[PDB]
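Asks: Here it is, the structure in full.
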Amino acid sequence: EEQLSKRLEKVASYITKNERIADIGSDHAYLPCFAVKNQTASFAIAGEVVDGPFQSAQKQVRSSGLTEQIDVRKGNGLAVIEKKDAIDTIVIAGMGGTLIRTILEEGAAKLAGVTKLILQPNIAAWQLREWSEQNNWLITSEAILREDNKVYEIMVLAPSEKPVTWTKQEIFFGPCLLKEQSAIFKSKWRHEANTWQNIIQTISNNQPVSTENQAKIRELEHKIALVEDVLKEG
């Protein structure tokens with residue numbers, strides 16, 4: 001068996017209770033195999049939408065001797081889940097935040113009985129924190145890591161019967177991540193804010209500035225102010 005990437009290892013680290021899981025758009029079923037093998041999961045669905053990855057995942061499951069504990073299924077999003085599967089945890093990793101959000105909204109019925117989501121968006125993480133507020137899922141854990149010079153965020157959610165209400169900083173940055181203030185968190189956001197300040201200068205010095213670009217500047221100022229507020233610097 002191959003070792004998981006640090007990204008997928010972090011995602012897997014949130015599967016803990018010998019759970020029934022579904023990994024949507026699974027990366028070769030590596031994570032389902034790792035979690036079944038090490039007993040942190042008792043059953044997995046590995047979902048795939050197209051041929052190459054569906055076949056690669058089937059072959060990994062067979063190679064692991066895990067065909068009795070892992071079902072590889074072809075389907076769009078949560079179409080691979082059925083009520084009778086009694087899934088406890090859903091993993092959706094390695095996709096953009098908007099796509100993940102769409103998967104969660106179109107597949108809303110399939111969230112019946114699910115008690116944990118582990119989501120790893122490659123862009124627009126804030127979209128999923130907004131979803132969490134609109135649908136009353138609490139964020140219970142988050143992580144931020146760097147692998148191959150790319151920064152990845154992971155969030156873990158659970159249903160809440162009480163309203164979930166975030167601040168705009170919690171949506172943009174992550175409620176757990178902004179409490180933690182890790183070195184990767186601080187470096188990522190200072191990096192982005194430096195780019196936004198640079199963009200403002202570039203636009204401002206190409207007079208005349210269009211009404212479209214004035215609005216862009218306002219947006220960039222807002223984002224920089226959010227970072228300054230969370231870092232308490234600048």
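All residue names refer to the structure tokens as shown: chains lettered A, B, ... in order, residues numbered from 1 in each chain, ligands numbered from 1 in order.
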So that I can see what lies close to residue 129 (chain A), please list as a PyMOL selection string the residues with an atom at most 10 Å from it, counting only C-alpha atoms and leaving out residues fewer than 3 positions away in the same chain.
Replies: chain A and resi 97+101+124-126+132-135+137-139+155+157+166+168+170-175
Asks: Could you write out the selected residues, including N, CA, C and O atoms, as a compact mmCIF listing (two decimals), in the first residue's frame?
Replies:
# COMPACT_ATOMS: atom_id res chain seq x y z
N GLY A 97 -14.71 24.90 -4.26
CA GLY A 97 -15.78 25.19 -3.28
C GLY A 97 -17.15 25.33 -3.87
O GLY A 97 -18.11 24.89 -3.25
N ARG A 101 -20.27 22.91 -3.08
CA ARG A 101 -21.51 23.50 -2.61
C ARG A 101 -22.66 22.95 -3.44
O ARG A 101 -23.70 22.56 -2.88
N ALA A 124 -12.22 28.96 -3.13
CA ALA A 124 -13.49 29.48 -2.61
C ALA A 124 -14.06 28.67 -1.42
O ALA A 124 -15.27 28.32 -1.42
N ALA A 125 -13.20 28.42 -0.45
CA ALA A 125 -13.61 27.73 0.79
C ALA A 125 -14.78 28.50 1.43
O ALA A 125 -15.71 27.89 1.99
N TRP A 126 -14.76 29.83 1.37
CA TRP A 126 -15.80 30.63 1.98
C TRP A 126 -17.20 30.21 1.51
O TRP A 126 -18.17 30.38 2.28
N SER A 132 -22.65 26.39 5.25
CA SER A 132 -22.79 25.92 6.63
C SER A 132 -23.76 26.80 7.41
O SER A 132 -24.63 26.29 8.13
N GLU A 133 -23.66 28.11 7.25
CA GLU A 133 -24.57 29.02 7.89
C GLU A 133 -25.99 28.87 7.33
O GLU A 133 -26.93 28.80 8.16
N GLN A 134 -26.18 28.83 6.01
CA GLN A 134 -27.53 28.71 5.39
C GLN A 134 -28.23 27.42 5.76
O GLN A 134 -29.45 27.38 5.83
N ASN A 135 -27.45 26.36 5.99
CA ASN A 135 -28.07 25.07 6.27
C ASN A 135 -27.91 24.58 7.71
O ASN A 135 -28.24 23.43 8.02
N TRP A 137 -25.21 23.76 9.56
CA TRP A 137 -24.15 22.84 9.93
C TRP A 137 -23.04 23.58 10.67
O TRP A 137 -22.47 24.56 10.13
N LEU A 138 -22.71 23.16 11.88
CA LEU A 138 -21.61 23.74 12.60
C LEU A 138 -20.26 23.28 12.04
O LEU A 138 -20.07 22.11 11.72
N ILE A 139 -19.29 24.20 11.94
CA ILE A 139 -17.91 23.81 11.73
C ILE A 139 -17.26 23.44 13.07
O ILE A 139 -17.22 24.24 14.03
N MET A 155 -12.25 21.43 6.29
CA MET A 155 -13.22 21.79 7.32
C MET A 155 -14.08 20.56 7.64
O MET A 155 -14.41 19.77 6.76
N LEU A 157 -17.68 19.37 9.47
CA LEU A 157 -18.97 19.94 9.88
C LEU A 157 -19.86 18.90 10.51
O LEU A 157 -19.72 17.71 10.22
N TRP A 166 -22.33 32.94 11.56
CA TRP A 166 -20.91 33.27 11.58
C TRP A 166 -20.71 34.78 11.49
O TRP A 166 -21.62 35.49 11.19
N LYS A 168 -18.41 37.65 9.31
CA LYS A 168 -17.85 37.63 7.96
C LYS A 168 -16.39 37.15 8.00
O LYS A 168 -15.95 36.48 7.06
N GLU A 170 -15.24 34.88 10.12
CA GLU A 170 -15.31 33.42 10.24
C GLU A 170 -15.61 32.78 8.89
O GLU A 170 -15.07 31.72 8.56
N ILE A 171 -16.52 33.36 8.10
CA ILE A 171 -16.78 32.81 6.75
C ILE A 171 -15.53 32.88 5.84
O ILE A 171 -15.24 31.94 5.09
N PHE A 172 -14.83 34.01 5.85
CA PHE A 172 -13.72 34.22 4.91
C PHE A 172 -12.51 33.42 5.31
O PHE A 172 -11.81 32.93 4.41
N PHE A 173 -12.23 33.29 6.60
CA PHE A 173 -11.00 32.73 7.13
C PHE A 173 -11.11 31.36 7.79
O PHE A 173 -10.11 30.61 7.89
N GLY A 174 -12.30 31.09 8.31
CA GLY A 174 -12.54 29.85 9.05
C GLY A 174 -12.59 30.14 10.53
O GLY A 174 -11.63 30.65 11.12
N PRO A 175 -13.68 29.74 11.20
CA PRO A 175 -13.75 30.02 12.63
C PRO A 175 -12.69 29.34 13.49
O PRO A 175 -12.25 29.91 14.47
Asks: Would you mind listing what lies within 12 Å of residue 201 (chain A) as a PyMOL selection string, with only C-alpha atoms counted and same-chain residues fewer than 2 positions away left out?
Replies: chain A and resi 194-199+203-207+209+213-214+216-217+220-221
Asks: Which residue is closest to residue 62 (chain A)? Choose from A:81, A:123, A:29, A:128 and count only C-alpha atoms.
Replies: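 The answer is A:29, which sits nearest to residue 62 (chain A).
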Asks: Might you pull out every residue within 10 Å of residue 30 (chain A), with only C-alpha atoms counted and same-chain residues fewer than 2 positions away left off, and present them as an NGL selection string?
Replies: :A and (1-5 or 8-9 or 23 or 26-28 or 32-35 or 46 or 57 or 60-61 or 64)
Asks: Those residues you just picked out, can you put them in a file as a PDB file, in the first residue's frame with N, CA and C atoms?
Replies:
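For reference, result.pdb as written:
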ATOM      1  N   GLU A   1       0.857  -1.227   0.000  1.00  0.00           N
ATOM      2  CA  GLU A   1       0.000   0.000   0.000  1.00  0.00           C
ATOM      3  C   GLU A   1       0.876   1.253   0.000  1.00  0.00           C
ATOM      4  N   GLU A   2       0.491   2.249  -0.794  1.00  0.00           N
ATOM      5  CA  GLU A   2       1.185   3.536  -0.791  1.00  0.00           C
ATOM      6  C   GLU A   2       0.719   4.406   0.392  1.00  0.00           C
ATOM      7  N   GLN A   3       1.622   5.237   0.887  1.00  0.00           N
ATOM      8  CA  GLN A   3       1.304   6.226   1.909  1.00  0.00           C
ATOM      9  C   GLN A   3       0.398   7.340   1.307  1.00  0.00           C
ATOM     10  N   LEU A   4      -0.570   7.839   2.078  1.00  0.00           N
ATOM     11  CA  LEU A   4      -1.404   8.942   1.579  1.00  0.00           C
ATOM     12  C   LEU A   4      -0.596  10.226   1.473  1.00  0.00           C
ATOM     13  N   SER A   5      -1.023  11.136   0.588  1.00  0.00           N
ATOM     14  CA  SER A   5      -0.513  12.497   0.624  1.00  0.00           C
ATOM     15  C   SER A   5      -0.826  13.140   1.990  1.00  0.00           C
ATOM     16  N   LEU A   8      -4.463  14.217   1.979  1.00  0.00           N
ATOM     17  CA  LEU A   8      -5.447  13.163   2.212  1.00  0.00           C
ATOM     18  C   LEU A   8      -5.313  12.525   3.569  1.00  0.00           C
ATOM     19  N   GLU A   9      -4.106  12.504   4.128  1.00  0.00           N
ATOM     20  CA  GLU A   9      -3.880  11.998   5.467  1.00  0.00           C
ATOM     21  C   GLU A   9      -4.617  12.908   6.461  1.00  0.00           C
ATOM     22  N   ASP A  23     -16.904   8.726   0.014  1.00  0.00           N
ATOM     23  CA  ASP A  23     -15.887   9.597  -0.536  1.00  0.00           C
ATOM     24  C   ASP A  23     -16.268   9.963  -1.974  1.00  0.00           C
ATOM     25  N   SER A  26     -13.622  10.261  -5.271  1.00  0.00           N
ATOM     26  CA  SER A  26     -12.483   9.702  -4.532  1.00  0.00           C
ATOM     27  C   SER A  26     -11.223   9.648  -5.381  1.00  0.00           C
ATOM     28  N   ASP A  27     -10.098  10.024  -4.792  1.00  0.00           N
ATOM     29  CA  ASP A  27      -8.827   9.950  -5.469  1.00  0.00           C
ATOM     30  C   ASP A  27      -8.331   8.505  -5.440  1.00  0.00           C
ATOM     31  N   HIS A  28      -8.592   7.713  -6.493  1.00  0.00           N
ATOM     32  CA  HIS A  28      -8.202   6.293  -6.546  1.00  0.00           C
ATOM     33  C   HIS A  28      -8.696   5.405  -5.390  1.00  0.00           C
ATOM     34  N   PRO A  32     -10.521   5.768   1.186  1.00  0.00           N
ATOM     35  CA  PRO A  32     -11.374   4.667   1.662  1.00  0.00           C
ATOM     36  C   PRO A  32     -10.573   3.449   2.005  1.00  0.00           C
ATOM     37  N   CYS A  33      -9.575   3.103   1.202  1.00  0.00           N
ATOM     38  CA  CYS A  33      -8.779   1.903   1.515  1.00  0.00           C
ATOM     39  C   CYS A  33      -8.016   2.117   2.807  1.00  0.00           C
ATOM     40  N   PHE A  34      -7.412   3.287   2.958  1.00  0.00           N
ATOM     41  CA  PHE A  34      -6.609   3.597   4.160  1.00  0.00           C
ATOM     42  C   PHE A  34      -7.504   3.538   5.408  1.00  0.00           C
ATOM     43  N   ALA A  35      -8.723   4.052   5.317  1.00  0.00           N
ATOM     44  CA  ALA A  35      -9.584   4.173   6.475  1.00  0.00           C
ATOM     45  C   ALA A  35     -10.215   2.831   6.831  1.00  0.00           C
ATOM     46  N   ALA A  46     -16.950   4.620  -2.651  1.00  0.00           N
ATOM     47  CA  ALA A  46     -16.075   5.501  -3.417  1.00  0.00           C
ATOM     48  C   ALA A  46     -16.811   5.934  -4.675  1.00  0.00           C
ATOM     49  N   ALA A  57     -10.261   3.509  -9.393  1.00  0.00           N
ATOM     50  CA  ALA A  57     -10.718   3.255  -8.014  1.00  0.00           C
ATOM     51  C   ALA A  57     -11.122   1.799  -7.820  1.00  0.00           C
ATOM     52  N   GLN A  60      -7.884  -0.197  -7.444  1.00  0.00           N
ATOM     53  CA  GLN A  60      -7.216  -0.025  -6.157  1.00  0.00           C
ATOM     54  C   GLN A  60      -7.928  -0.840  -5.074  1.00  0.00           C
ATOM     55  N   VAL A  61      -9.257  -0.855  -5.091  1.00  0.00           N
ATOM     56  CA  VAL A  61     -10.067  -1.557  -4.087  1.00  0.00           C
ATOM     57  C   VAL A  61      -9.775  -3.069  -4.223  1.00  0.00           C
ATOM     58  N   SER A  64      -6.351  -3.984  -2.955  1.00  0.00           N
ATOM     59  CA  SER A  64      -6.273  -3.886  -1.500  1.00  0.00           C
ATOM     60  C   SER A  64      -6.985  -5.046  -0.825  1.00  0.00           C
TER      61      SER A  64
END
Asks: Please compute the CA of residue 211 (chain A)-CA of residue 223 (chain A) distance, one decimal, in Å.
Replies: 18.7 Å
Asks: Could you pull out the strand (DSSP E) residues of region 61-187 of chain A from DSSP and send them as a count of residues only?
Replies: 39
Asks: Per DSSP on the backbone, filter region 112-163 of chain A down to the residues in alpha helix (DSSP H) and report them as a list in words.
Replies: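 Written out, the alpha helix (DSSP H) residues of region 112-163 of chain A are residues 125, 126, 127, 128, 129, 130, 131, 132, 133 and 134 of chain A.
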Asks: Emit the selected residues as a short mmCIF file (atom, residue, chain, number, x, y, z; two decimals), in the first residue's frame, including N, CA and C atoms.
Replies:
data_model
loop_
_atom_site.label_atom_id
_atom_site.label_comp_id
_atom_site.auth_asym_id
_atom_site.auth_seq_id
_atom_site.Cartn_x
_atom_site.Cartn_y
_atom_site.Cartn_z
N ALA A 125 -13.20 28.42 -0.45
CA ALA A 125 -13.61 27.73 0.79
C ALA A 125 -14.78 28.50 1.43
N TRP A 126 -14.76 29.83 1.37
CA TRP A 126 -15.80 30.63 1.98
C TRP A 126 -17.20 30.21 1.51
N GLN A 127 -17.35 29.69 0.29
CA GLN A 127 -18.64 29.26 -0.24
C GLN A 127 -19.23 28.17 0.65
N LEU A 128 -18.37 27.30 1.15
CA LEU A 128 -18.84 26.22 2.00
C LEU A 128 -19.13 26.69 3.43
N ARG A 129 -18.45 27.74 3.89
CA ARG A 129 -18.77 28.30 5.19
C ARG A 129 -20.09 29.03 5.13
N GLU A 130 -20.41 29.65 3.98
CA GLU A 130 -21.72 30.26 3.78
C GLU A 130 -22.77 29.18 3.76
N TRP A 131 -22.51 28.09 3.04
CA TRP A 131 -23.44 26.97 3.02
C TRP A 131 -23.69 26.49 4.44
N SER A 132 -22.65 26.39 5.25
CA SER A 132 -22.79 25.92 6.63
C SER A 132 -23.76 26.80 7.41
N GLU A 133 -23.66 28.11 7.25
CA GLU A 133 -24.57 29.02 7.89
C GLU A 133 -25.99 28.87 7.33
N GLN A 134 -26.18 28.83 6.01
CA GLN A 134 -27.53 28.71 5.39
C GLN A 134 -28.23 27.42 5.76
#
Asks: Do a neighbour search on region 11-13 of chain A at 9 Å with only C-alpha atoms, toss out local chain neighbours closer than 2 positions, and write the hits as an NGL selection string.
Replies: :A and (6-9 or 15-16 or 31-32 or 34-35 or 40 or 91 or 93 or 118-120 or 143 or 154-156)
Asks: Write a file of the selected residues as a PDB file, in the first residue's frame, keeping N, CA, C and O atoms.
Replies:
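selection_24.pdb, freshly written:
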ATOM      1  N   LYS A   6      -0.082  14.184   2.353  1.00  0.00           N
ATOM      2  CA  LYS A   6      -0.338  14.876   3.621  1.00  0.00           C
ATOM      3  C   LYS A   6      -1.746  15.451   3.622  1.00  0.00           C
ATOM      4  O   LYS A   6      -2.420  15.491   4.648  1.00  0.00           O
ATOM      5  N   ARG A   7      -2.182  15.917   2.461  1.00  0.00           N
ATOM      6  CA  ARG A   7      -3.545  16.449   2.304  1.00  0.00           C
ATOM      7  C   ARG A   7      -4.587  15.372   2.625  1.00  0.00           C
ATOM      8  O   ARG A   7      -5.534  15.602   3.417  1.00  0.00           O
ATOM      9  N   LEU A   8      -4.463  14.217   1.979  1.00  0.00           N
ATOM     10  CA  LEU A   8      -5.447  13.163   2.212  1.00  0.00           C
ATOM     11  C   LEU A   8      -5.313  12.525   3.569  1.00  0.00           C
ATOM     12  O   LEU A   8      -6.322  12.109   4.121  1.00  0.00           O
ATOM     13  N   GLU A   9      -4.106  12.504   4.128  1.00  0.00           N
ATOM     14  CA  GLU A   9      -3.880  11.998   5.467  1.00  0.00           C
ATOM     15  C   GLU A   9      -4.617  12.908   6.461  1.00  0.00           C
ATOM     16  O   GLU A   9      -5.291  12.416   7.399  1.00  0.00           O
ATOM     17  N   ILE A  15     -11.711  10.936  10.348  1.00  0.00           N
ATOM     18  CA  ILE A  15     -12.592   9.739  10.342  1.00  0.00           C
ATOM     19  C   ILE A  15     -12.072   8.906  11.498  1.00  0.00           C
ATOM     20  O   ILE A  15     -10.951   8.481  11.471  1.00  0.00           O
ATOM     21  N   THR A  16     -12.882   8.710  12.547  1.00  0.00           N
ATOM     22  CA  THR A  16     -12.330   8.210  13.807  1.00  0.00           C
ATOM     23  C   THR A  16     -13.136   7.115  14.496  1.00  0.00           C
ATOM     24  O   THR A  16     -12.626   6.455  15.400  1.00  0.00           O
ATOM     25  N   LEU A  31      -8.087   6.987   0.034  1.00  0.00           N
ATOM     26  CA  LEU A  31      -8.582   7.312   1.374  1.00  0.00           C
ATOM     27  C   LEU A  31      -9.526   6.244   1.949  1.00  0.00           C
ATOM     28  O   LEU A  31      -9.311   5.803   3.086  1.00  0.00           O
ATOM     29  N   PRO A  32     -10.521   5.768   1.186  1.00  0.00           N
ATOM     30  CA  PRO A  32     -11.374   4.667   1.662  1.00  0.00           C
ATOM     31  C   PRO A  32     -10.573   3.449   2.005  1.00  0.00           C
ATOM     32  O   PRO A  32     -10.835   2.812   3.039  1.00  0.00           O
ATOM     33  N   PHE A  34      -7.412   3.287   2.958  1.00  0.00           N
ATOM     34  CA  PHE A  34      -6.609   3.597   4.160  1.00  0.00           C
ATOM     35  C   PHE A  34      -7.504   3.538   5.408  1.00  0.00           C
ATOM     36  O   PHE A  34      -7.082   2.972   6.428  1.00  0.00           O
ATOM     37  N   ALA A  35      -8.723   4.052   5.317  1.00  0.00           N
ATOM     38  CA  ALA A  35      -9.584   4.173   6.475  1.00  0.00           C
ATOM     39  C   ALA A  35     -10.215   2.831   6.831  1.00  0.00           C
ATOM     40  O   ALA A  35     -10.443   2.518   8.020  1.00  0.00           O
ATOM     41  N   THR A  40     -10.591   2.708  11.032  1.00  0.00           N
ATOM     42  CA  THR A  40     -11.298   3.902  11.368  1.00  0.00           C
ATOM     43  C   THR A  40     -12.602   3.989  10.577  1.00  0.00           C
ATOM     44  O   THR A  40     -13.482   4.693  10.987  1.00  0.00           O
ATOM     45  N   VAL A  91     -17.075  12.552   2.690  1.00  0.00           N
ATOM     46  CA  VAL A  91     -15.835  13.270   2.344  1.00  0.00           C
ATOM     47  C   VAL A  91     -15.975  13.815   0.951  1.00  0.00           C
ATOM     48  O   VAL A  91     -16.368  13.094   0.057  1.00  0.00           O
ATOM     49  N   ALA A  93     -13.373  16.054  -1.364  1.00  0.00           N
ATOM     50  CA  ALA A  93     -12.035  16.671  -1.412  1.00  0.00           C
ATOM     51  C   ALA A  93     -11.600  16.891  -2.858  1.00  0.00           C
ATOM     52  O   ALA A  93     -12.106  16.242  -3.759  1.00  0.00           O
ATOM     53  N   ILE A 118     -16.607  16.057   5.839  1.00  0.00           N
ATOM     54  CA  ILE A 118     -15.201  16.476   5.817  1.00  0.00           C
ATOM     55  C   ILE A 118     -14.925  17.022   4.408  1.00  0.00           C
ATOM     56  O   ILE A 118     -14.993  16.266   3.391  1.00  0.00           O
ATOM     57  N   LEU A 119     -14.727  18.345   4.308  1.00  0.00           N
ATOM     58  CA  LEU A 119     -14.699  18.959   2.960  1.00  0.00           C
ATOM     59  C   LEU A 119     -13.331  19.600   2.773  1.00  0.00           C
ATOM     60  O   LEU A 119     -12.776  20.211   3.700  1.00  0.00           O
ATOM     61  N   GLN A 120     -12.779  19.442   1.566  1.00  0.00           N
ATOM     62  CA  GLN A 120     -11.469  20.015   1.289  1.00  0.00           C
ATOM     63  C   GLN A 120     -11.577  20.723  -0.058  1.00  0.00           C
ATOM     64  O   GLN A 120     -11.314  20.128  -1.079  1.00  0.00           O
ATOM     65  N   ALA A 143      -8.408  22.646   9.397  1.00  0.00           N
ATOM     66  CA  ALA A 143      -6.972  22.572   9.275  1.00  0.00           C
ATOM     67  C   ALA A 143      -6.545  23.343   8.042  1.00  0.00           C
ATOM     68  O   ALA A 143      -7.302  23.467   7.082  1.00  0.00           O
ATOM     69  N   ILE A 154      -9.090  22.444   5.094  1.00  0.00           N
ATOM     70  CA  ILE A 154     -10.015  21.301   5.361  1.00  0.00           C
ATOM     71  C   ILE A 154     -10.986  21.787   6.427  1.00  0.00           C
ATOM     72  O   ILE A 154     -10.612  22.527   7.339  1.00  0.00           O
ATOM     73  N   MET A 155     -12.250  21.426   6.288  1.00  0.00           N
ATOM     74  CA  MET A 155     -13.224  21.788   7.315  1.00  0.00           C
ATOM     75  C   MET A 155     -14.076  20.562   7.638  1.00  0.00           C
ATOM     76  O   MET A 155     -14.407  19.770   6.760  1.00  0.00           O
ATOM     77  N   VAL A 156     -14.452  20.448   8.905  1.00  0.00           N
ATOM     78  CA  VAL A 156     -15.276  19.315   9.330  1.00  0.00           C
ATOM     79  C   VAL A 156     -16.531  19.895   9.899  1.00  0.00           C
ATOM     80  O   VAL A 156     -16.449  20.867  10.673  1.00  0.00           O
TER      81      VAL A 156
END
Asks: Mind pulling up the distance from CA of residue 122 (chain A) to CA of residue 158 (chain A)?
Replies: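 Going from CA of residue 158 (chain A) over to CA of residue 122 (chain A) covers 20.7 Å.
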Asks: Using Å and a single decimal, report how far CA of residue 105 (chain A) sits from CA of residue 85 (chain A).
Replies: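 Those two atoms sit 19.5 Å apart.
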Asks: Give me the residues within 7 Å of residue 48 (chain A) as a PyMOL selection string, counting only C-alpha atoms and dropping any in the same chain fewer than 2 places off.
Replies: chain A and resi 24-26+46+50+53-54+73-75
Asks: For the selection you just gave me, I'd like the residues written to a file as an mmCIF file, in the first residue's frame, keeping N, CA and C atoms.
Replies:
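Written file, out.cif:
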data_model
loop_
_atom_site.group_PDB
_atom_site.id
_atom_site.type_symbol
_atom_site.label_atom_id
_atom_site.label_comp_id
_atom_site.auth_asym_id
_atom_site.auth_seq_id
_atom_site.Cartn_x
_atom_site.Cartn_y
_atom_site.Cartn_z
ATOM 1 N N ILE A 24 -16.703 11.202 -2.144
ATOM 2 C CA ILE A 24 -17.236 11.679 -3.412
ATOM 3 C C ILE A 24 -16.131 12.178 -4.314
ATOM 4 N N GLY A 25 -16.032 11.661 -5.530
ATOM 5 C CA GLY A 25 -14.874 11.996 -6.359
ATOM 6 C C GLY A 25 -13.587 11.495 -5.753
ATOM 7 N N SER A 26 -13.622 10.261 -5.271
ATOM 8 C CA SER A 26 -12.483 9.702 -4.532
ATOM 9 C C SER A 26 -11.223 9.648 -5.381
ATOM 10 N N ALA A 46 -16.950 4.620 -2.651
ATOM 11 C CA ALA A 46 -16.075 5.501 -3.417
ATOM 12 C C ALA A 46 -16.811 5.934 -4.675
ATOM 13 N N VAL A 50 -16.749 9.750 -13.946
ATOM 14 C CA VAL A 50 -16.349 9.326 -15.297
ATOM 15 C C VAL A 50 -15.404 8.096 -15.325
ATOM 16 N N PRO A 53 -11.229 7.569 -13.743
ATOM 17 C CA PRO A 53 -11.226 7.442 -12.266
ATOM 18 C C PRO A 53 -12.120 6.331 -11.691
ATOM 19 N N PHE A 54 -13.216 5.984 -12.320
ATOM 20 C CA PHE A 54 -14.044 4.903 -11.822
ATOM 21 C C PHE A 54 -13.197 3.613 -11.903
ATOM 22 N N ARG A 73 -18.776 3.172 -6.948
ATOM 23 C CA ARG A 73 -19.959 3.488 -7.708
ATOM 24 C C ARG A 73 -19.782 4.682 -8.652
ATOM 25 N N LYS A 74 -20.331 4.561 -9.859
ATOM 26 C CA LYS A 74 -20.361 5.652 -10.838
ATOM 27 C C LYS A 74 -21.625 6.500 -10.671
ATOM 28 N N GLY A 75 -21.427 7.812 -10.531
ATOM 29 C CA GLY A 75 -22.520 8.739 -10.356
ATOM 30 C C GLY A 75 -22.015 10.163 -10.199
#
Asks: Between A:59, A:218, A:188, A:111, which is the closest to residue 83 (chain A) once you count only C-alpha atoms?
Replies: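 With only C-alpha atoms as the atom set, the closest residue is A:111.
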